[PDB]
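Structure record follows, encoded as C-alpha cells.
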Amino acid sequence: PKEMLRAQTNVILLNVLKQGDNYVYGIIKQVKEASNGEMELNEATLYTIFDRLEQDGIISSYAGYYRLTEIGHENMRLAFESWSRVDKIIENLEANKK
Amino acid sequence: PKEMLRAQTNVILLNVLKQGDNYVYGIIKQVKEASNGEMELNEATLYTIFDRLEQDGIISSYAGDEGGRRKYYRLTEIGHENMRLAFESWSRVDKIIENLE
Ligand SMILES: CCN1/C(=C/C2C(=O)C(/C=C3/N(CC)c4ccccc4C3(C)C)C2=O)C(C)(C)c2ccccc21
Ligand code: NI
Ligand code: NI
Ligand code: NI
Ligand code: NI
C-alpha cells in the first residue's frame with residue numbers, strides 16, 4: 001500500500017538526518033549502503049517528500065543540505081516511544097495466549 | 001496526533017485477532033490486560049474500525065455459541081497477507097536504520 005511505503009520512507013530519511021546533516025545524494029548513497037542495495041532510492045521523488053517536512057516544520061535546509069529541527073527530534077522521540085509501547089502490548093497479547 | 005493513535009489502534013486490534021477469533025468485550029478485556037490498564041477501548045471506536053476492516057475484506061464476522069450467541073470476528077486470507085507484508089517491510093526498515101549505525 002503506497003500509503004504505507006511513504007510512511008516507511010520518511011522514517012528512513014529522518015533516521016539519516018538523525019545520524020548527521022546530509023544532502024539528497026549523500027542520503028540516497030547512505031541508504032543504498034545500509035539497505036545493502038535493497039533500497040532502490042529515487043532522485044525524482046525526494047522532492048515533495050522533503051518540502052512537506054520543512055512545510056510541517058521537522059527539517060531545515062541550509063546551504064553548503066538538511067538538519068533535524070527542535071520539533072523534529074521531539075516528533076520522533078514521541079513516535080519511537082509510542083510504537084515501542086505497542087511492541088510490548090503485542091508481546092503481552094502473545095503471552096496472554098487468547 | 002489523531003492519525004497515529006487510530007493507526008496504532010488498527011495494529012493492536014489486528015494482532016488481537018491474529019492470536020484468535022474474538023468478540024468485542026473479549027478484545028477490550030484482552031487489550032486492557034496487555035496494556036497494563038493504559039488502554040481501554042470503547043465499543044463505538046471498535047465498531048467503526050471493524051466497519052472499515054469488514055468493508056475492505058480484511059476481517060469478516062460470524063455467530064458462535066458457548067453465555068449465548070456472540071458476534072465473532074476473524075482475520076481473512078487477505079488480512080493475514082497484509083500483516084505478514086506490513087511486519088516484513090517494517091522489519092526491513094528496522095535493520096536498515098541499524099546499518100546507519
Ligand atoms: C514511526 C512513524 N510511523 C509508523 C511506524 C511503525 C513502526 O515503527 C512500526 C512497527 C514496528 N514493528 C512491528 C511489530 C516492530 C517490531 C519490532 C521492532 C520495531 C518495530 C516497529 C518498527 C516499531 C510501525 O507500523 C507507522 C505505523 C507506519 C505510521 C503510520 C502513519 C504515520 C507514521 C507512522
Ligand atoms: Ni538537529
Ligand atoms: Ni541533532
Ligand atoms: Ni484465518
Ligand atoms: Ni487465520
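Ordering of the C-alpha cells sets the chain letters (A, B, ...), residue numbers begin anew at 1 in every chain, and ligands are numbered from 1 in the order given.
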Go through chain B residue by residue and, counting only C-alpha atoms and all ligand atoms, keep those with an atom at most 9 Å from ligand 4; for each kept residue give the shortest atom pair and its distance in Å to one decimal, ordered by chain and increasing number, as a tab-separated table.
```
residue	atom	partner	partner_atom_place_in_ligand_line	distance
B:18	CA	ligand 4	1 (Ni)	8.1
B:20	CA	ligand 4	1 (Ni)	8.7
B:21	CA	ligand 4	1 (Ni)	8.5
B:74	CA	ligand 4	1 (Ni)	6.5
B:75	CA	ligand 4	1 (Ni)	5.4
B:76	CA	ligand 4	1 (Ni)	5.4
B:77	CA	ligand 4	1 (Ni)	5.9
B:79	CA	ligand 4	1 (Ni)	8.3
B:80	CA	ligand 4	1 (Ni)	7.1
```
Strand (DSSP E or B) call set, DSSP backbone run, chain B, as a PyMOL selection string
chain B and resi 22+59-64+70-75
Extract, using only C-alpha atoms, all DNA, RNA and protein residues at most 7 Å from range 21-27 of chain A, discarding same-chain residues fewer than 2 positions from it, and format them as a PyMOL selection string.
chain A and resi 16-17+29-31+65-67
Written selection (C-alpha atoms) as a compact mmCIF listing (two decimals), in the first residue's frame:
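So out-v1.txt came out as:
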```
# COMPACT_ATOMS: atom_id res chain seq x y z
CA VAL A 16 19.61 9.57 8.23
CA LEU A 17 19.42 13.32 9.17
CA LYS A 29 24.07 6.65 -1.01
CA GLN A 30 23.96 6.08 2.83
CA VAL A 31 20.59 4.29 2.29
CA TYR A 65 21.93 20.44 2.89
CA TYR A 66 19.41 19.45 5.68
CA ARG A 67 19.25 19.37 9.54
```
At what distance in Å, to one decimal, does CA of residue 46 in chain A lie from atom 3 (N, counted along the ligand's line) of ligand 1?
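Answer for the atom 3 (N, counted along the ligand's line) of ligand 1 to CA of residue 46 in chain A separation: 18.0 Å.
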Expected answer as a ChimeraX atom specification: residues within 10 Å of ligand 1, only C-alpha atoms and all ligand atoms
/A:3-12,14,75-91 /B:1,3-12,15,83-84,86-95
Set the cut-off to 6 Å and count only C-alpha atoms: what are the residues of chain B that reach chain A? Output as a PyMOL selection string.
chain B and resi 19+34-35+96+99-100
Take the selection from the previous step and output its residues with N, CA, C and O atoms, as a PDB file, in the first residue's frame.
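Final output, out-v2.pdb:
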```pdb
ATOM      1  N   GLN B  19      -4.032 -13.662  17.252  1.00  0.00           N
ATOM      2  CA  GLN B  19      -3.942 -14.642  18.360  1.00  0.00           C
ATOM      3  C   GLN B  19      -5.268 -15.415  18.501  1.00  0.00           C
ATOM      4  O   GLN B  19      -5.363 -16.267  19.413  1.00  0.00           O
ATOM      5  N   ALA B  34      -3.254  -6.464  28.343  1.00  0.00           N
ATOM      6  CA  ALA B  34      -1.964  -6.413  27.623  1.00  0.00           C
ATOM      7  C   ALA B  34      -1.293  -5.047  27.819  1.00  0.00           C
ATOM      8  O   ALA B  34      -0.041  -5.033  27.862  1.00  0.00           O
ATOM      9  N   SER B  35      -2.085  -3.964  27.955  1.00  0.00           N
ATOM     10  CA  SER B  35      -1.616  -2.564  28.125  1.00  0.00           C
ATOM     11  C   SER B  35      -1.479  -2.203  29.607  1.00  0.00           C
ATOM     12  O   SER B  35      -1.373  -1.001  29.897  1.00  0.00           O
ATOM     13  N   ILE B  96      17.580  -1.572   8.372  1.00  0.00           N
ATOM     14  CA  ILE B  96      18.222  -0.527   7.514  1.00  0.00           C
ATOM     15  C   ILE B  96      18.815   0.557   8.407  1.00  0.00           C
ATOM     16  O   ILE B  96      20.004   0.864   8.264  1.00  0.00           O
ATOM     17  N   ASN B  99      21.860  -0.125  10.095  1.00  0.00           N
ATOM     18  CA  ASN B  99      23.037  -0.004   9.179  1.00  0.00           C
ATOM     19  C   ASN B  99      23.316   1.467   8.814  1.00  0.00           C
ATOM     20  O   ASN B  99      24.212   1.701   7.970  1.00  0.00           O
ATOM     21  N   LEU B 100      22.590   2.416   9.412  1.00  0.00           N
ATOM     22  CA  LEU B 100      23.051   3.819   9.569  1.00  0.00           C
ATOM     23  C   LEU B 100      23.833   3.929  10.883  1.00  0.00           C
ATOM     24  O   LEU B 100      24.234   5.049  11.223  1.00  0.00           O
TER      25      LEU B 100
END
```
Which of chain A fall in alpha helix (DSSP H), as a short mmCIF file (atom, residue, chain, number, x, y, z; two decimals) with N, CA, C and O atoms, in the first residue's frame:
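Ended up saving to states.cif:
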```
data_model
loop_
_atom_site.label_atom_id
_atom_site.label_comp_id
_atom_site.auth_asym_id
_atom_site.auth_seq_id
_atom_site.Cartn_x
_atom_site.Cartn_y
_atom_site.Cartn_z
N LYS A 2 0.85 2.03 -1.11
CA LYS A 2 1.61 3.30 -1.35
C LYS A 2 1.55 4.23 -0.13
O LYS A 2 2.57 4.89 0.19
N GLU A 3 0.39 4.29 0.51
CA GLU A 3 0.15 4.93 1.83
C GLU A 3 1.28 4.53 2.80
O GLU A 3 1.88 5.43 3.40
N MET A 4 1.57 3.24 2.89
CA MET A 4 2.44 2.63 3.93
C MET A 4 3.90 2.58 3.48
O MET A 4 4.75 2.37 4.33
N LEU A 5 4.18 2.72 2.18
CA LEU A 5 5.57 2.88 1.70
C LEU A 5 6.08 4.22 2.23
O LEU A 5 7.07 4.20 2.97
N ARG A 6 5.40 5.31 1.87
CA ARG A 6 5.83 6.70 2.20
C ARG A 6 6.04 6.81 3.72
O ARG A 6 7.02 7.44 4.15
N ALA A 7 5.18 6.19 4.50
CA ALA A 7 5.37 6.08 5.96
C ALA A 7 6.79 5.59 6.25
O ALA A 7 7.52 6.24 7.03
N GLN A 8 7.17 4.48 5.61
CA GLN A 8 8.43 3.72 5.87
C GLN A 8 9.60 4.54 5.37
O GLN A 8 10.63 4.53 6.03
N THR A 9 9.42 5.21 4.23
CA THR A 9 10.44 6.09 3.62
C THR A 9 10.84 7.18 4.62
O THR A 9 12.04 7.20 5.02
N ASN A 10 9.86 8.01 5.01
CA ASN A 10 10.06 9.22 5.87
C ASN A 10 10.95 8.82 7.03
O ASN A 10 11.95 9.50 7.27
N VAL A 11 10.65 7.69 7.66
CA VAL A 11 11.37 7.20 8.86
C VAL A 11 12.84 6.95 8.49
O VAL A 11 13.72 7.20 9.35
N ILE A 12 13.11 6.46 7.28
CA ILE A 12 14.50 6.17 6.81
C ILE A 12 15.21 7.51 6.66
O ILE A 12 16.24 7.71 7.32
N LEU A 13 14.67 8.40 5.83
CA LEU A 13 15.10 9.82 5.73
C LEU A 13 15.52 10.35 7.11
O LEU A 13 16.75 10.57 7.34
N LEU A 14 14.56 10.49 8.02
CA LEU A 14 14.72 11.18 9.33
C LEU A 14 15.87 10.53 10.10
O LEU A 14 16.69 11.28 10.67
N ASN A 15 15.92 9.19 10.11
CA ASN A 15 16.97 8.42 10.82
C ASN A 15 18.34 8.68 10.16
O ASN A 15 19.37 8.41 10.85
N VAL A 16 18.35 9.16 8.91
CA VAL A 16 19.61 9.57 8.23
C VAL A 16 20.00 10.95 8.79
O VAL A 16 21.07 11.03 9.45
N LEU A 17 19.13 11.95 8.66
CA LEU A 17 19.42 13.32 9.17
C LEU A 17 19.75 13.23 10.68
O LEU A 17 20.58 14.02 11.15
N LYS A 18 19.14 12.28 11.38
CA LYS A 18 19.45 11.99 12.80
C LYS A 18 20.96 11.81 12.94
O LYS A 18 21.57 12.52 13.76
N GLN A 19 21.55 10.91 12.14
CA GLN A 19 22.96 10.44 12.25
C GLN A 19 23.93 11.57 11.90
O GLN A 19 25.08 11.52 12.39
N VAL A 24 20.68 15.48 -0.66
CA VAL A 24 19.95 14.48 -1.49
C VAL A 24 20.80 13.22 -1.65
O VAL A 24 20.46 12.18 -1.04
N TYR A 25 21.89 13.34 -2.41
CA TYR A 25 22.67 12.20 -2.98
C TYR A 25 23.37 11.46 -1.83
O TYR A 25 23.30 10.20 -1.79
N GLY A 26 23.97 12.21 -0.89
CA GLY A 26 24.59 11.68 0.34
C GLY A 26 23.61 10.86 1.17
O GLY A 26 24.06 9.97 1.92
N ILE A 27 22.31 11.15 1.04
CA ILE A 27 21.24 10.37 1.74
C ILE A 27 21.06 9.07 0.95
O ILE A 27 21.34 8.00 1.51
N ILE A 28 20.63 9.19 -0.30
CA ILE A 28 20.48 8.04 -1.24
C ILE A 28 21.62 7.04 -0.98
O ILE A 28 21.35 5.92 -0.50
N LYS A 29 22.86 7.47 -1.24
CA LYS A 29 24.07 6.65 -1.01
C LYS A 29 23.91 5.90 0.33
O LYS A 29 23.67 4.67 0.30
N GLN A 30 24.00 6.63 1.44
CA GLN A 30 23.96 6.08 2.83
C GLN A 30 22.85 5.03 2.95
O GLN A 30 23.05 4.03 3.69
N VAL A 31 21.73 5.24 2.26
CA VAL A 31 20.59 4.29 2.29
C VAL A 31 20.98 3.07 1.46
O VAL A 31 20.90 1.93 1.99
N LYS A 32 21.37 3.32 0.20
CA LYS A 32 21.90 2.29 -0.71
C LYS A 32 22.82 1.39 0.11
O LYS A 32 22.47 0.21 0.32
N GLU A 33 23.90 1.95 0.65
CA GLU A 33 24.86 1.22 1.52
C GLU A 33 24.07 0.39 2.54
O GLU A 33 24.04 -0.86 2.37
N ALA A 34 23.41 1.06 3.50
CA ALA A 34 22.78 0.49 4.72
C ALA A 34 21.68 -0.52 4.38
O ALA A 34 21.49 -1.46 5.17
N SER A 35 20.97 -0.33 3.26
CA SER A 35 19.93 -1.26 2.76
C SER A 35 20.60 -2.52 2.18
O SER A 35 19.93 -3.57 2.14
N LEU A 46 12.32 12.59 -3.92
CA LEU A 46 12.76 13.16 -2.61
C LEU A 46 12.40 14.64 -2.51
O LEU A 46 12.42 15.16 -1.39
N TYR A 47 12.16 15.30 -3.64
CA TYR A 47 11.30 16.50 -3.73
C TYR A 47 9.88 16.05 -3.32
O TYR A 47 9.58 14.84 -3.43
N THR A 48 9.05 16.99 -2.85
CA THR A 48 7.68 16.75 -2.30
C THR A 48 7.82 16.12 -0.91
O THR A 48 7.20 16.62 0.03
N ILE A 49 8.67 15.10 -0.81
CA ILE A 49 8.88 14.28 0.42
C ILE A 49 9.67 15.10 1.45
O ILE A 49 9.51 14.84 2.64
N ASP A 51 9.81 18.73 1.14
CA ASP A 51 9.08 20.03 1.26
C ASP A 51 8.10 19.89 2.42
O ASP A 51 8.16 20.71 3.35
N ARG A 52 7.25 18.86 2.35
CA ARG A 52 6.11 18.65 3.28
C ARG A 52 6.64 18.63 4.72
O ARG A 52 5.89 19.07 5.61
N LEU A 53 7.88 18.17 4.94
CA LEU A 53 8.51 18.07 6.30
C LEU A 53 9.04 19.43 6.77
O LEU A 53 8.88 19.73 7.97
N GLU A 54 9.70 20.21 5.90
CA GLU A 54 10.10 21.60 6.22
C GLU A 54 8.82 22.44 6.35
O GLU A 54 8.74 23.22 7.32
N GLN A 55 7.86 22.25 5.43
CA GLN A 55 6.50 22.85 5.47
C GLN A 55 5.82 22.52 6.81
O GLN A 55 5.22 23.42 7.42
N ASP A 56 5.92 21.26 7.26
CA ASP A 56 5.34 20.84 8.56
C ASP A 56 6.20 21.48 9.66
O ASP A 56 5.63 22.23 10.47
N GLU A 70 14.44 21.16 16.30
CA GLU A 70 13.97 21.11 17.71
C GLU A 70 12.71 20.23 17.75
O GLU A 70 12.76 19.12 18.37
N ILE A 71 11.65 20.69 17.06
CA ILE A 71 10.38 19.95 16.80
C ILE A 71 10.75 18.52 16.38
O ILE A 71 10.63 17.60 17.21
N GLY A 72 11.23 18.36 15.14
CA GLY A 72 11.67 17.08 14.56
C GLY A 72 12.09 16.07 15.60
O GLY A 72 11.36 15.09 15.75
N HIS A 73 13.22 16.27 16.29
CA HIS A 73 13.74 15.25 17.23
C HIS A 73 12.61 14.83 18.18
O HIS A 73 12.57 13.64 18.52
N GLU A 74 11.76 15.78 18.59
CA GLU A 74 10.62 15.54 19.51
C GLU A 74 9.67 14.53 18.84
O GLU A 74 9.56 13.41 19.35
N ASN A 75 9.07 14.91 17.70
CA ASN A 75 8.09 14.10 16.92
C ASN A 75 8.57 12.67 16.63
O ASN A 75 7.72 11.86 16.26
N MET A 76 9.87 12.41 16.74
CA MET A 76 10.45 11.05 16.62
C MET A 76 10.52 10.42 18.00
O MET A 76 10.05 9.29 18.16
N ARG A 77 11.18 11.10 18.95
CA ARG A 77 11.26 10.67 20.37
C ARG A 77 9.84 10.20 20.76
O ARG A 77 9.74 9.12 21.33
N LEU A 78 8.80 10.96 20.39
CA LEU A 78 7.36 10.63 20.59
C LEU A 78 7.04 9.30 19.89
O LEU A 78 6.83 8.29 20.59
N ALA A 79 7.01 9.32 18.56
CA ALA A 79 6.73 8.18 17.68
C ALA A 79 7.51 6.93 18.14
O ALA A 79 6.86 5.91 18.41
N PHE A 80 8.83 6.99 18.32
CA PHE A 80 9.64 5.81 18.72
C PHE A 80 9.16 5.29 20.10
O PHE A 80 9.12 4.05 20.30
N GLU A 81 8.84 6.20 21.03
CA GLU A 81 8.36 5.86 22.40
C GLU A 81 7.01 5.14 22.28
O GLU A 81 6.84 4.02 22.84
N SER A 82 6.07 5.75 21.55
CA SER A 82 4.67 5.24 21.48
C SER A 82 4.64 3.88 20.75
O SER A 82 4.06 2.94 21.31
N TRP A 83 5.29 3.75 19.59
CA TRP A 83 5.38 2.48 18.82
C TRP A 83 6.14 1.39 19.61
O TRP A 83 5.88 0.21 19.35
N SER A 84 7.07 1.75 20.49
CA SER A 84 7.82 0.74 21.29
C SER A 84 6.86 0.11 22.29
O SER A 84 6.89 -1.11 22.45
N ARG A 85 6.06 0.94 22.96
CA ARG A 85 4.97 0.53 23.88
C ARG A 85 4.06 -0.48 23.18
O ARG A 85 3.80 -1.56 23.76
N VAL A 86 3.65 -0.15 21.95
CA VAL A 86 2.78 -1.02 21.11
C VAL A 86 3.47 -2.38 20.93
O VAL A 86 2.78 -3.40 21.05
N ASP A 87 4.79 -2.41 20.70
CA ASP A 87 5.53 -3.69 20.56
C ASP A 87 5.27 -4.50 21.85
O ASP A 87 4.77 -5.62 21.74
N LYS A 88 5.51 -3.92 23.02
CA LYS A 88 5.36 -4.60 24.33
C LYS A 88 3.91 -5.10 24.46
O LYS A 88 3.70 -6.29 24.80
N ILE A 89 2.94 -4.24 24.15
CA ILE A 89 1.49 -4.60 24.21
C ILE A 89 1.28 -5.86 23.36
O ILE A 89 0.56 -6.76 23.81
N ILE A 90 1.91 -5.95 22.19
CA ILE A 90 1.74 -7.11 21.28
C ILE A 90 2.42 -8.34 21.87
O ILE A 90 1.78 -9.40 21.85
N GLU A 91 3.63 -8.22 22.42
CA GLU A 91 4.27 -9.34 23.16
C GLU A 91 3.28 -9.88 24.20
O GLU A 91 2.95 -11.07 24.14
N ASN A 92 2.73 -9.00 25.05
CA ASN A 92 1.80 -9.41 26.15
C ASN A 92 0.57 -10.12 25.56
O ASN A 92 0.10 -11.06 26.17
N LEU A 93 0.05 -9.70 24.43
CA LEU A 93 -1.08 -10.42 23.80
C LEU A 93 -0.64 -11.85 23.42
O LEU A 93 -1.46 -12.77 23.60
N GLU A 94 0.57 -12.01 22.89
CA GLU A 94 1.11 -13.36 22.55
C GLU A 94 1.26 -14.14 23.86
O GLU A 94 1.10 -15.36 23.85
N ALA A 95 1.53 -13.44 24.97
CA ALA A 95 1.77 -14.05 26.30
C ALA A 95 0.44 -14.35 27.00
O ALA A 95 0.35 -15.42 27.61
N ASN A 96 -0.56 -13.45 26.92
CA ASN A 96 -1.97 -13.71 27.37
C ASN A 96 -2.42 -15.07 26.83
O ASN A 96 -3.07 -15.81 27.59
#
```
By how many Å are CA of residue 54 in chain B and CA of residue 37 in chain B apart?
27.6 Å
Which of these, B:22, B:73, B:32, B:42, has the shortest distance to residue 60 in chain B once you count only C-alpha atoms?
B:73
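For the pair CA of residue 64 in chain A and CA of residue 43 in chain A, the separation is 19.0 Å.
Across B:28, B:16, B:78, B:97, the tightest approach to residue 59 in chain B is made by B:78 when counting only C-alpha atoms.
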Fewer than 2 positions away in the same chain doesn't count, so skip those; otherwise give me all residues within 10 Å of residue 50 in chain B, counting only C-alpha atoms, as a ChimeraX atom specification.
/B:10,13-14,24,44-48,52-56,58-61,73
